[PDB]
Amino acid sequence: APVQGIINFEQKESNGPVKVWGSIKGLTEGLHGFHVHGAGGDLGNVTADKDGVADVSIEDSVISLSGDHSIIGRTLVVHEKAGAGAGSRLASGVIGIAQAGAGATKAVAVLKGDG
């Protein structure tokens, strides 16, 4: 699709905070809803510039890469429609494991839309 991105997740310790970073390209200029599908995975909004590129760099302590609240295998979603509220046009990708063990974990979501 036009909308593409790579988002990385990193966690040092079981309950420790999760670093989320990467970039999403092919977006319309403005704010885009950004979250893990389902409960307990709101990652706020990402801002796409005039080139349609949104650089992402956040830390969140609600999400995790281990335990029952683990986002591993869940779907990461960005709303292609700018601005808050609902939207059915999504770029998305499953959060996959990159590295794991002993305590530390890394994951990657490849975001792809349609167009």
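We number the residues from 1 along the sequence you see.
- [ ] Determine, for stretches 77-85 and 43-51, which one has the higher mean CA B-factor as deposited.
- [x] Mean CA B-factor is higher for 77-85.
Task: Entry-level comparison of average CA B-factors, 66-74 and 31-39, reporting the higher stretch - done: Higher mean C-alpha B-factor in the PDB entry: 66-74.
Task: Residue with maximal Cα B-factor (values as given in the PDB entry) among 97, 94, 18, 104 - done: When the deposited C-alpha B-factors of 97, 94, 18, 104 are compared, 104 is largest.
Task: Relative C-alpha B-factor of residue 14, binned into the chain's lowest, middle or highest third - done: Tercile = highest for this residue's CA B-factor.
Open item on the list: Test of reading the entry: by CA B factor among the chain's modelled residues, which third contains residue 111?
Closed with: Its C-alpha B-factor belongs to the lowest third of this chain's values.
Open item on the list: Ranking the modelled residues of this chain by C-alpha B-factor as given in the entry, is residue 1 in the lowest, middle or highest third?
Closed with: Highest third, going by the recorded CA B-factors of the chain.
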